[PDB]
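Note sheet for the following structure.
Values reported hereafter were calculated over all heavy atoms of this structure, with side chains retained and with hydrogens, waters and symmetry mates removed. Chain A is the first sequence line, chain B the second, and so forth, proteins listed ahead of strands; every chain is numbered from 1.
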Amino acid sequence: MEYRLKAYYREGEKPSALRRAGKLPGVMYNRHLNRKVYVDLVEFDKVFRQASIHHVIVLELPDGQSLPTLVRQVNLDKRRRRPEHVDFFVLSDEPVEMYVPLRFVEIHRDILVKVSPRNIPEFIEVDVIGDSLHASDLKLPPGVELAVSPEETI
Amino acid sequence: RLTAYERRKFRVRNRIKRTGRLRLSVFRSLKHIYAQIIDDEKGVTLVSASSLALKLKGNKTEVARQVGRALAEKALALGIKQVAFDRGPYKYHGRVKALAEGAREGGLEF
Amino acid sequence: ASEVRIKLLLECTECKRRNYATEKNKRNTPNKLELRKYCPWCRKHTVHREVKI
Amino acid sequence: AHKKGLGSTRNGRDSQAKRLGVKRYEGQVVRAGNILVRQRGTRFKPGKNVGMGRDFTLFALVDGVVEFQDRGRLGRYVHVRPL
Amino acid sequence: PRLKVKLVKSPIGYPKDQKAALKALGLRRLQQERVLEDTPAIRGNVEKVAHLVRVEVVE
Amino acid sequence: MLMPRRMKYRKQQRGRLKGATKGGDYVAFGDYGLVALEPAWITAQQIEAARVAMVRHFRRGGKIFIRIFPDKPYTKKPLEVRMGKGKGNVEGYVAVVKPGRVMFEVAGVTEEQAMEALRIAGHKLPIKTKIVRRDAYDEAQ
RNA sequence: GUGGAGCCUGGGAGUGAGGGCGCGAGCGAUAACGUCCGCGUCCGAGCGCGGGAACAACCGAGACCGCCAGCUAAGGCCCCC
RNA sequence: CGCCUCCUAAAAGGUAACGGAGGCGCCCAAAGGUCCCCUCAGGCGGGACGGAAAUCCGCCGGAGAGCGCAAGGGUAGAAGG
RNA sequence: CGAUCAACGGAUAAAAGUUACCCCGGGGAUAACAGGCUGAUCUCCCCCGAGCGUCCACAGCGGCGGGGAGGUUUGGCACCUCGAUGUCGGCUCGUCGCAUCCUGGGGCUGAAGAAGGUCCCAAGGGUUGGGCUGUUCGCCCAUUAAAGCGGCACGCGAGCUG
RNA sequence: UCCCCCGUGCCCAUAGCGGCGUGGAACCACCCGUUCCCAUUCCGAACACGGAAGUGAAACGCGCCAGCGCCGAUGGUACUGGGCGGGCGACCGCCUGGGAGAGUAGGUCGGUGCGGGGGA
Ligand SMILES: [Mg+2]
Ligand SMILES: [Mg+2]
Ligand SMILES: [Mg+2]
Ligand SMILES: [Mg+2]
Ligand SMILES: [Mg+2]
Ligand SMILES: [Mg+2]
Ligand SMILES: [Mg+2]
Ligand SMILES: [Mg+2]
Ligand SMILES: [Mg+2]
Ligand SMILES: [Mg+2]
Ligand SMILES: [Mg+2]
Ligand SMILES: [Mg+2]
Ligand SMILES: [Mg+2]
Ligand SMILES: [Mg+2]
Ligand SMILES: [Mg+2]
Ligand SMILES: [Mg+2]
Ligand SMILES: [Mg+2]
Ligand SMILES: [Mg+2]
Ligand SMILES: [Mg+2]
Ligand SMILES: [Mg+2]
Ligand SMILES: [Mg+2]
Ligand SMILES: [Mg+2]
Ligand SMILES: [Mg+2]
Ligand SMILES: [Mg+2]
Ligand SMILES: [Mg+2]
Ligand SMILES: [Mg+2]
Ligand SMILES: [Mg+2]
Ligand SMILES: [Mg+2]
Ligand SMILES: [Mg+2]
Ligand SMILES: [Mg+2]
Ligand SMILES: [Mg+2]
Ligand SMILES: [Mg+2]
Ligand SMILES: [Mg+2]
Ligand SMILES: [Mg+2]
Ligand SMILES: [Mg+2]
Ligand SMILES: [Mg+2]
Ligand SMILES: [Mg+2]
Ligand SMILES: [Mg+2]
Ligand SMILES: [Mg+2]
Ligand SMILES: [Mg+2]
Ligand SMILES: [Mg+2]
Ligand SMILES: [Mg+2]
Ligand SMILES: [Mg+2]
Ligand SMILES: [Mg+2]
Ligand SMILES: [Mg+2]
Ligand SMILES: [Mg+2]
Ligand SMILES: [Mg+2]
Ligand SMILES: [Mg+2]
Ligand SMILES: [Mg+2]
Ligand SMILES: [Mg+2]
Ligand SMILES: [Mg+2]
Ligand SMILES: [Mg+2]
Ligand SMILES: [Mg+2]
Ligand SMILES: [Mg+2]
Ligand SMILES: [Mg+2]
Ligand SMILES: [Mg+2]
Ligand SMILES: [Mg+2]
Ligand SMILES: [Mg+2]
Ligand SMILES: [Mg+2]
Ligand SMILES: [Mg+2]
Ligand SMILES: [Mg+2]
Ligand SMILES: [Mg+2]
Ligand SMILES: [Mg+2]
Ligand SMILES: [Mg+2]
Ligand SMILES: [Mg+2]
Ligand SMILES: [Mg+2]
Ligand SMILES: [Mg+2]
Ligand SMILES: [Mg+2]
Ligand SMILES: [Mg+2]
Ligand SMILES: [Mg+2]
Ligand SMILES: [Mg+2]
Ligand SMILES: [Mg+2]
Ligand SMILES: [Mg+2]
Ligand SMILES: [Mg+2]
Ligand SMILES: [Mg+2]
Ligand SMILES: [Mg+2]
Ligand SMILES: [Mg+2]
Ligand SMILES: [Mg+2]
Ligand SMILES: [Mg+2]
Ligand SMILES: [Mg+2]
Ligand SMILES: [Mg+2]
Ligand SMILES: [Mg+2]
Ligand SMILES: [Mg+2]
Ligand SMILES: [Mg+2]
Ligand SMILES: [Mg+2]
Ligand SMILES: [Mg+2]
Ligand SMILES: [Mg+2]
Ligand SMILES: [Mg+2]
Ligand SMILES: [Mg+2]
Ligand SMILES: [Mg+2]
Ligand SMILES: [Mg+2]
Ligand SMILES: [Mg+2]
Ligand SMILES: [Mg+2]
Ligand SMILES: [Mg+2]
Ligand SMILES: [Mg+2]
Ligand SMILES: [Mg+2]
Ligand SMILES: [Mg+2]
Ligand SMILES: [Mg+2]
Ligand SMILES: [Mg+2]
Ligand SMILES: [Mg+2]
Ligand SMILES: [Mg+2]
Ligand SMILES: [Mg+2]
Ligand SMILES: [Mg+2]
Ligand SMILES: [Mg+2]
Ligand SMILES: [Mg+2]
Ligand SMILES: [Mg+2]
Ligand SMILES: [Mg+2]
Ligand SMILES: [Mg+2]
Ligand SMILES: [Mg+2]
Ligand SMILES: [Mg+2]
Ligand SMILES: [Mg+2]
Ligand SMILES: [Mg+2]
Ligand SMILES: [Mg+2]
Ligand SMILES: [Mg+2]
Ligand SMILES: [Mg+2]
Ligand SMILES: [Mg+2]
Ligand SMILES: [Mg+2]
Ligand SMILES: [Mg+2]
Ligand SMILES: [Mg+2]
Ligand SMILES: [Mg+2]
Ligand SMILES: [Mg+2]
Ligand SMILES: [Mg+2]
Ligand SMILES: [Mg+2]
Ligand SMILES: [Mg+2]
Ligand SMILES: [Mg+2]
Ligand SMILES: [Mg+2]
Ligand SMILES: [Mg+2]
Ligand SMILES: [Mg+2]
Ligand SMILES: [Mg+2]
Ligand SMILES: [Mg+2]
Ligand SMILES: [Mg+2]
Ligand SMILES: [Mg+2]
Ligand SMILES: [Mg+2]
Ligand SMILES: [Mg+2]
Ligand SMILES: [Mg+2]
Ligand SMILES: [Mg+2]
Ligand SMILES: [Mg+2]
Ligand SMILES: [Mg+2]
Ligand SMILES: [Mg+2]
Ligand SMILES: [Mg+2]
Ligand SMILES: [Mg+2]
Ligand SMILES: [Mg+2]
Ligand SMILES: [Mg+2]
Ligand SMILES: [Mg+2]
Ligand SMILES: [Mg+2]
Ligand SMILES: [Mg+2]
Ligand SMILES: [Mg+2]
Ligand SMILES: [Mg+2]
Ligand SMILES: [Mg+2]
Ligand SMILES: [Mg+2]
Ligand SMILES: [Mg+2]
Ligand SMILES: [Mg+2]
Ligand SMILES: [Mg+2]
Ligand SMILES: [Mg+2]
Ligand SMILES: [Mg+2]
Ligand SMILES: [Mg+2]
Ligand SMILES: [Mg+2]
Ligand SMILES: [Mg+2]
Ligand SMILES: [Mg+2]
Ligand SMILES: [Mg+2]
Ligand SMILES: [Mg+2]
Ligand SMILES: [Mg+2]
Ligand SMILES: [Mg+2]
Ligand SMILES: [Mg+2]
Ligand SMILES: [Mg+2]
Ligand SMILES: [Mg+2]
Ligand SMILES: [Mg+2]
Ligand SMILES: [Mg+2]
Ligand SMILES: [Mg+2]
Ligand SMILES: [Mg+2]
Ligand SMILES: [Mg+2]
Ligand SMILES: [Mg+2]
Ligand SMILES: [Mg+2]
Ligand SMILES: [Mg+2]
Ligand SMILES: [Mg+2]
Ligand SMILES: [Mg+2]
Ligand SMILES: [Mg+2]
Ligand SMILES: [Mg+2]
Ligand SMILES: [Mg+2]
Ligand SMILES: [Mg+2]
Ligand SMILES: [Mg+2]
Ligand SMILES: [Mg+2]
Ligand SMILES: [Mg+2]
Ligand SMILES: [Mg+2]
Ligand SMILES: [Mg+2]
Ligand SMILES: [Mg+2]
Ligand SMILES: [Mg+2]
Ligand SMILES: [Mg+2]
Ligand SMILES: [Mg+2]
Ligand SMILES: [Mg+2]
Ligand SMILES: [Mg+2]
Ligand SMILES: [Mg+2]
Ligand SMILES: [Mg+2]
Ligand SMILES: [Mg+2]
Ligand SMILES: [Mg+2]
Ligand SMILES: [Mg+2]
Ligand SMILES: [Mg+2]
Ligand SMILES: [Mg+2]
Ligand SMILES: [Mg+2]
Ligand SMILES: [Mg+2]
Ligand SMILES: [Mg+2]
Ligand SMILES: [Mg+2]
Ligand SMILES: [Mg+2]
Ligand SMILES: [Mg+2]
Ligand SMILES: [Mg+2]
Ligand SMILES: [Mg+2]
Ligand SMILES: [Mg+2]
Ligand SMILES: [Mg+2]
Ligand SMILES: [Mg+2]
Ligand SMILES: [Mg+2]
Ligand SMILES: [Mg+2]
Ligand SMILES: [Mg+2]
Ligand SMILES: [Mg+2]
Ligand SMILES: [Mg+2]
Ligand SMILES: [Mg+2]
Ligand SMILES: [Mg+2]
Ligand SMILES: [Mg+2]
Ligand SMILES: [Mg+2]
Ligand SMILES: [Mg+2]
Ligand SMILES: [Mg+2]
Ligand SMILES: [Zn+2]
């Protein structure tokens, strides 16, 4: 955390023309906006492989705005195994739900958390086959709330 | 989840409304009895009566017959003669029956 | 119809004319059927009795 | 030329098609008695000026115009509006 | 405005509703040009056989 | 060998085989997977063969996930018969498999153990395949 | 929308062995110039014409007659051509 | 080999094969008419004999019960009792 | 009211077989031969490398699975032929393919030599006489460098046999 | 005209489950009785009648809460009418028009007609 990605607005360009032009059709939304965007495909690839829906990506739209977003959806073309659309969720102060990784001192790689965008952690640390514990017994740093039923096995 | 009360009230009301007549609907509380003749095609009550409006008291049955005559009296005024009786959740008996007997006595056709 | 479920006529008990055709299960209903039915000849309702078809 | 014996199928029966469905659509002019819907059970329900026969057949009671109405949990009704 | 319509490709082997469309427009022989009104109902038949035909807007 | 324990109906009409796989296109459990590039009816014997090959390479180690199941009854008439007289008897089961499907996944093993095991498995398969590794695209689904 | 359109009454039929192809299914073996239906097409009856080496049904195109005239369609433009 | 239900059947109807699965050749004197009333299955907790399951009580429960018998449709605002 | 007229639009009130002693009218609208299409089955060739091979995956092998070729098997289908395309085998007479039996040339070998194994190239020539059976095939005898496998309408009955 | 309640419709869960708060003057309910009408396969529980001491505990009405339920974009995709190609096939691709389902953001603890009682 965190990363930056150029992002440009689109209106009537065909997604097929953009995809053929090496770009990634996408959308930007929250409670207050909704914009059709596109990122450059290769640029997005090297950010998302690291940022991966857990970590914040700041979009640098040409109009000067640096809007902080979380990737909320990536539809893939099932034949080619290539992304074909991205949902960038514009983060603002209101509390959001997101997936936070889990690093252990192994079912769930991450966990769903209700948090404010200020308090977005990088880690949630775990402890010490076949044994296992549940999300009930978990760390919960400042600002974060277990966004499931603790009946989840980890 | 419906109670037997609501099932009964739908059961008799469904059958009445199929005939298309103006519906003389009767509601009976522990104290008062109320009547209103209803157009279900327009969703409009055409004429009403009740012990609460007429400020009557005494024998609930004897009062029930009175609102029947009172409802009929005002009904014939506006042209309403034919009508279908709506006992809703009530047995055709006692207070409801007396109100029914009253309305006929005043000239309503049912 | 069957051997136990037999066809039968209904005869007006007042003018003796058979007016209706129907069936019964004679094991379940051994007694002769008696039913009020409208008799076209007597132009009125009347007791009708089962007879052999 | 060897010819291998063959078994047989126990199936091969089907019943005549019954030609069910709606017979007059919304906006069509009909005459009292016109059949409106052939159906099994009350897929559609008789609305205003529509009768229902012993086999759930919906039919018009007055000359007029057919109208449909989807009452949600109350069911789909067919109406005939007087001309 | 009106539509000048030239039949430039044979209906042989195409479905009958497309052959009927050509008839509604009065196109009977190849290379035949017809100027019809630019109504939505004439336009619908022109678009139906658009792969058979060449359209130009006139006046 | 795999097959349904019970079934509503013994015989299915033959499939069509159009379109990319409906689901199961992202790695869900293991680290590496084996992806179908062409459609096919994969038989239970093919699956069981690709599976044993990956076991004898993992020498009983690692984890193996099989994410296709042969539920489609496969029918064949007895030899030399004429046509007709009803449908042939069920002789086996296939899993419909379309391009993009993750058929197998492995884990608990090194990257070199898994790539080779998945390569051997694909030789047991009547289609072309492709080995994939769990990406973030996978974990976002 | 005036078309070898449509509706009504009546006279005369012939047909009730189809076939190929495209698409959609079943049967077959995700076989057959295979079989069986559905929508469409063509041959059938266009074994008349151009293309496809030759070739009913693939592509082009619906031959009233004549011309030692012109433009195009599929397909072609090194020679046979 | 006639009849019914489902699929095949390509979201009107219809649609074939020695295609995939079942059923009918009865029954009911109420299991028919009408009026009035009532509402299931199952889960859990409680209760002598008493059990997985008899009958009883509480709570939850929109219909997964029931509607003589195949299947489908329908249905407690009843077609069920 | 009397129908398992159930072959259920129900020929009579009333009805089963056989024909290699067979006949006629028709059909290549429909089977048997051969061809054709197809290639499940058949023959042959590959991919994978689990195991065998004391050791050693690959000298020789190749679990489970995967991909093809050919068109000599059995078939599937029913497209020319039922106003006839003679149908097994043999004899005679050839001719062709090569996935080669021998002879010639090679590589590898778990090739000391000799002798083999396996694969590659190679169709010029060669590829015996008998016993049994109608036989094809096959088994047997005695040899051999070898005693190949298949196509030609299961090559060849206006050439013979029967 | 506005607020509350009662009755009766309409939309057919954005209207529900659950949690909580709240209301008795009026209205409604429970309630007090079971002589009378009428009623229980037993039971005044229900249905019904005669009442008015009490209580809003239950029910109902009105609010607040998004845990469940329910609704749900935009964008992209699948598919597809019509038009064209590709592959031995299994199957794939282009143009033009149409365009889901899932899911994401998000929304919702109802809205409204008619009559009656009350209130300002
Ligand atoms: Mg930058
Ligand atoms: Mg990339
Ligand atoms: Mg999420
Ligand atoms: Mg008084
Ligand atoms: Mg009263
Ligand atoms: Mg009422
Ligand atoms: Mg009877
Ligand atoms: Mg008479
Ligand atoms: Mg008798
Ligand atoms: Mg044969
Ligand atoms: Mg044969
Ligand atoms: Mg033979
Ligand atoms: Mg049978
Ligand atoms: Mg059939
Ligand atoms: Mg039929
Ligand atoms: Mg049929
Ligand atoms: Mg049917
Ligand atoms: Mg319909
Ligand atoms: Mg009736
Ligand atoms: Mg409307
Ligand atoms: Mg209406
Ligand atoms: Mg053309
Ligand atoms: Mg053409
Ligand atoms: Mg064309
Ligand atoms: Mg075409
Ligand atoms: Mg076309
Ligand atoms: Mg059309
Ligand atoms: Mg012309
Ligand atoms: Mg012209
Ligand atoms: Mg159209
Ligand atoms: Mg099929
Ligand atoms: Mg499917
Ligand atoms: Mg197979
Ligand atoms: Mg099969
Ligand atoms: Mg079969
Ligand atoms: Mg069959
Ligand atoms: Mg698949
Ligand atoms: Mg493979
Ligand atoms: Mg890799
Ligand atoms: Mg990837
Ligand atoms: Mg999913
Ligand atoms: Mg004509
Ligand atoms: Mg004509
Ligand atoms: Mg004509
Ligand atoms: Mg006509
Ligand atoms: Mg005529
Ligand atoms: Mg005529
Ligand atoms: Mg004549
Ligand atoms: Mg004829
Ligand atoms: Mg015929
Ligand atoms: Mg035809
Ligand atoms: Mg046909
Ligand atoms: Mg035919
Ligand atoms: Mg065909
Ligand atoms: Mg041909
Ligand atoms: Mg074809
Ligand atoms: Mg095509
Ligand atoms: Mg089918
Ligand atoms: Mg095969
Ligand atoms: Mg054919
Ligand atoms: Mg074919
Ligand atoms: Mg076919
Ligand atoms: Mg055809
Ligand atoms: Mg032609
Ligand atoms: Mg020709
Ligand atoms: Mg010719
Ligand atoms: Mg011809
Ligand atoms: Mg030609
Ligand atoms: Mg030519
Ligand atoms: Mg050629
Ligand atoms: Mg040709
Ligand atoms: Mg021609
Ligand atoms: Mg053609
Ligand atoms: Mg073309
Ligand atoms: Mg033409
Ligand atoms: Mg002409
Ligand atoms: Mg011409
Ligand atoms: Mg001409
Ligand atoms: Mg020129
Ligand atoms: Mg050109
Ligand atoms: Mg040239
Ligand atoms: Mg030449
Ligand atoms: Mg030449
Ligand atoms: Mg030249
Ligand atoms: Mg028949
Ligand atoms: Mg029958
Ligand atoms: Mg249909
Ligand atoms: Mg159907
Ligand atoms: Mg019809
Ligand atoms: Mg036919
Ligand atoms: Mg069956
Ligand atoms: Mg049977
Ligand atoms: Mg009786
Ligand atoms: Mg019954
Ligand atoms: Mg009764
Ligand atoms: Mg208990
Ligand atoms: Mg017990
Ligand atoms: Mg039962
Ligand atoms: Mg049964
Ligand atoms: Mg049910
Ligand atoms: Mg018989
Ligand atoms: Mg007979
Ligand atoms: Mg017959
Ligand atoms: Mg019939
Ligand atoms: Mg007879
Ligand atoms: Mg006789
Ligand atoms: Mg006989
Ligand atoms: Mg005998
Ligand atoms: Mg004889
Ligand atoms: Mg003899
Ligand atoms: Mg003979
Ligand atoms: Mg003899
Ligand atoms: Mg003789
Ligand atoms: Mg003789
Ligand atoms: Mg003789
Ligand atoms: Mg003779
Ligand atoms: Mg003869
Ligand atoms: Mg003779
Ligand atoms: Mg003869
Ligand atoms: Mg003859
Ligand atoms: Mg003939
Ligand atoms: Mg033939
Ligand atoms: Mg025939
Ligand atoms: Mg023929
Ligand atoms: Mg034959
Ligand atoms: Mg033959
Ligand atoms: Mg033959
Ligand atoms: Mg021959
Ligand atoms: Mg043959
Ligand atoms: Mg021949
Ligand atoms: Mg082949
Ligand atoms: Mg082959
Ligand atoms: Mg084979
Ligand atoms: Mg090979
Ligand atoms: Mg070893
Ligand atoms: Mg070694
Ligand atoms: Mg093998
Ligand atoms: Mg193969
Ligand atoms: Mg092959
Ligand atoms: Mg093979
Ligand atoms: Mg051949
Ligand atoms: Mg052969
Ligand atoms: Mg060939
Ligand atoms: Mg044989
Ligand atoms: Mg053959
Ligand atoms: Mg044929
Ligand atoms: Mg012949
Ligand atoms: Mg001759
Ligand atoms: Mg001849
Ligand atoms: Mg001859
Ligand atoms: Mg001859
Ligand atoms: Mg000799
Ligand atoms: Mg030879
Ligand atoms: Mg060679
Ligand atoms: Mg040699
Ligand atoms: Mg040598
Ligand atoms: Mg050697
Ligand atoms: Mg040695
Ligand atoms: Mg040596
Ligand atoms: Mg070699
Ligand atoms: Mg040689
Ligand atoms: Mg030789
Ligand atoms: Mg001898
Ligand atoms: Mg001999
Ligand atoms: Mg021999
Ligand atoms: Mg032998
Ligand atoms: Mg030797
Ligand atoms: Mg030697
Ligand atoms: Mg010899
Ligand atoms: Mg040979
Ligand atoms: Mg030979
Ligand atoms: Mg040959
Ligand atoms: Mg042969
Ligand atoms: Mg032979
Ligand atoms: Mg033979
Ligand atoms: Mg021969
Ligand atoms: Mg010969
Ligand atoms: Mg001879
Ligand atoms: Mg011979
Ligand atoms: Mg000869
Ligand atoms: Mg000869
Ligand atoms: Mg000859
Ligand atoms: Mg002889
Ligand atoms: Mg005012
Ligand atoms: Mg209310
Ligand atoms: Mg309201
Ligand atoms: Mg709560
Ligand atoms: Mg309170
Ligand atoms: Mg409350
Ligand atoms: Mg109070
Ligand atoms: Mg107080
Ligand atoms: Mg008493
Ligand atoms: Mg309360
Ligand atoms: Mg929610
Ligand atoms: Mg909805
Ligand atoms: Mg949605
Ligand atoms: Mg959309
Ligand atoms: Mg697609
Ligand atoms: Mg399209
Ligand atoms: Mg379609
Ligand atoms: Mg269309
Ligand atoms: Mg298309
Ligand atoms: Mg092609
Ligand atoms: Mg293939
Ligand atoms: Mg496409
Ligand atoms: Mg596509
Ligand atoms: Mg499109
Ligand atoms: Mg579009
Ligand atoms: Mg949606
Ligand atoms: Mg979105
Ligand atoms: Mg949300
Ligand atoms: Mg949400
Ligand atoms: Mg809210
Ligand atoms: Mg809510
Ligand atoms: Mg509110
Ligand atoms: Mg309301
Ligand atoms: Mg209203
Ligand atoms: Mg008001
Ligand atoms: Mg006031
Ligand atoms: Mg007011
Ligand atoms: Zn009489």
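A straight line from CG of B:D40 to P of J:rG7 spans 17 Å, rounded to a whole angstrom. Spacing between atom CE of F:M54 and atom P of I:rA50 amounts to 14 Å, rounded to whole angstrom units. Per the geometry, OH belonging to F:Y74 stands 12 Å off P belonging to G:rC27, to the nearest Å. Atoms NZ (B:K91) and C1' (J:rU40) sit 13 Å apart, rounded to a whole Å. As a whole-Å value, the separation of D:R10 CZ from H:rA21 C1' is 9 Å. Here the P atom of nucleotide I:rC64 and the CD atom of F:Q45 are 11 Å apart, to the nearest Å.
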Output side-chain donor-acceptor pairs under 3.5 Å for residues 12-24 of chain F, partner residues at least two apart or in another chain, one line each.
{"from": "F:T21", "atom 1": "OG1", "to": "F:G23", "atom 2": "O", "distance (Å)": "2.8"}

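Residues from residues 17-25 of chain E that place a heavy atom under 4.0 Å from any atom of RNA chain G, listed by number: E:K19, E:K23, E:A24.
Of the candidates J:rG115, J:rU74, H:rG20, the closest approach to any side-chain atom of A:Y29 belongs to J:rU74. Which of H:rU39, H:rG19, J:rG9 sits closest to the side chain of B:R1 comes down to H:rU39. Closest contact between the side chain of F:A49 and the listed nucleotides I:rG65, H:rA29, G:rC42 involves I:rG65. With J:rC47, H:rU15, J:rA48 as the candidates, the nucleotide lying closest to the side chain of B:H93 is J:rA48. For B:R13, counting side-chain heavy atoms from C-beta on, the closest listed nucleotide (G:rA32, J:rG75, J:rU8) is J:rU8.
Backbone-only contact: F:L125 has heavy atoms under 4.0 Å from sugar-phosphate atoms and none from a base. Heavy atoms of D:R73 sit under 4.0 angstrom from at least one base atom.
Judged by atom type and distance alone, F:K124 reaches the base of I:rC48 through a side-chain donor-acceptor pair under 3.5 Å.
Residue ring and base: B:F10 counts as stacked with H:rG77 (centre distance below 5.5 Å, interplanar angle below 30°).
In this model, a donor atom of one side chain and an acceptor atom of the other lie less than 3.5 Å apart for A:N75 and A:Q73. Remark: the E:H51 side chain and the E:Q18 side chain contain an N/O donor-acceptor pair separated by less than 3.5 Å.
B:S25 has no side-chain polar atom (N or O) that falls below the 4.0 Å cut-off from OP1 or OP2 of J:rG7.
Taking for each of F:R59 and F:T43 the nucleotide of RNA chain I with the nearest heavy atom, the 5'-most of the two is the partner of F:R59.
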